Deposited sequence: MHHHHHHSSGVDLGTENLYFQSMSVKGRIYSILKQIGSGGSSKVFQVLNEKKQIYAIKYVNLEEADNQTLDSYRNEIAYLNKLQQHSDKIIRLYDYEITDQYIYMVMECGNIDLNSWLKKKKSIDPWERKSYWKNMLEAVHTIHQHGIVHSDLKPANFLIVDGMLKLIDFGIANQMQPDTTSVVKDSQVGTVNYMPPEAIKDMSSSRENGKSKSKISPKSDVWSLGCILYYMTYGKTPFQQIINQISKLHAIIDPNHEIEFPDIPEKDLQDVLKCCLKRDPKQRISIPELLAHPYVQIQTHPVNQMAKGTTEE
């Protein structure tokens, strides 16, 4: 029905998502829209508690560094609950890609720069996500914004994570997300048996297909991102200077 976060009252309009936490589309006293995430802490161990405090801390610090990280306006933390007041975005990248059959080569490129800016910011603060998927990015006024940092599907899993993990592990993952926006399928979507899928990702003999596309610069980015040897894989600062990201 309604909720209070640091003196301010908010009215629920819809529930966006939901284990111990629930996300809502809310309204303040000035009828301004936000997204409040309520976390129930009643049955949470110290390890869980610290992980939650660590993502809020990072979310707080990184606000000041990039507009490609979701706005955290305010928050209320007690022993029983967490209330996080954030900006409301239109739709997450995953749901957006499920609905949208095709993708505009310009909208894709714009969303790509956004993902690199967001993931580059977290790298600059010693964070490696490791579990990057489209469900982690949000569309906020024609801009992709990173929703979480991995502190609190297997098609996006880097080969090095399975062989046993660095900022290059997030490169593989982003590379898979762009491969999806380019080819409508992730590189190992064709394999259903999850065990066999994990083998294909780490097997260098399993030569990933890259069909001929009109955007030669885009095909190159995907080849550079999806190199099984992390030492051979392209970095984010290099990706940021690629002709695909920088040229019209």
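Participant: Against the full deposited sequence, which stretches does the structure leave out?
Facilitator: Comparing the full sequence with the modelled residues, the uncovered ranges come out as 1-20, 39, 174-190, 203-215, 300-313.
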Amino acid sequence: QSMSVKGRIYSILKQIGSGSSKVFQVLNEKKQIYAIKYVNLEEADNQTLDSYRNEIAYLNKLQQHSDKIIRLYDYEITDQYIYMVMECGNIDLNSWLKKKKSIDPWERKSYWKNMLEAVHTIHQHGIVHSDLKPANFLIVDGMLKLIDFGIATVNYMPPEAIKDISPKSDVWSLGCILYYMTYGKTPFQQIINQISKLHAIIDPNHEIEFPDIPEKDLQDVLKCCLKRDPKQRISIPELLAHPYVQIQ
From here on, numbers count along this sequence of modelled residues.
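Take the two forms, find the largest set of C-alpha atoms that superpose within 1.5 Å, and that set is the rigid core.
Participant: Determine, for 175-183 and 41-49, which one has C-alphas that on average lie farther from this form in 8 other deposited structures of this protein; superpose on the rigid core first.
Facilitator: This comes out as 41-49, the stretch further from the shown form in 8 other deposited structures of this protein.
Participant: Between 176-184 and 191-199, which has the higher average C-alpha B-factor in the PDB entry?
Facilitator: The entry gives the higher C-alpha B-factor average to 191-199.
Participant: Determine, for stretches 117-125 and 93-101, which one has the higher mean CA B-factor as deposited.
Facilitator: Averaging CA B-factors over each stretch, the winner is 93-101.
Participant: Based on the PDB record, which member of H206, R53, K68, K61 exhibits the highest Cα temperature factor?
Facilitator: When the deposited C-alpha B-factors of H206, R53, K68, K61 are compared, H206 is largest.
Participant: Once the chain's modelled residues are ordered by C-alpha B factor and cut into thirds, is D131 in the lowest, middle or highest one?
Facilitator: For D131, whose C-alpha B-factor we compare with every modelled residue in the chain, the answer is the middle third.
Participant: Quick check for you: using the entry's CA B-factors within this chain, is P237 in the lowest, middle or highest third?
Facilitator: For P237, the deposited C-alpha B-factor lands in the lowest third.
Participant: Test of reading the entry: by CA B factor among the chain's modelled residues, which third contains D170?
Facilitator: It belongs to the lowest third of the chain when residues are ordered by C-alpha B-factor.
Participant: Would you mind ranking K223 by its C-alpha B-factor against the rest of the chain and naming the third, lowest, middle or highest?
Facilitator: Its C-alpha B-factor belongs to the middle third of this chain's values.
Participant: Going by the entry, which third of its chain does the Cα temperature factor of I247 land in?
Facilitator: Ranked within chain, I247 CA B lands in the middle tercile.
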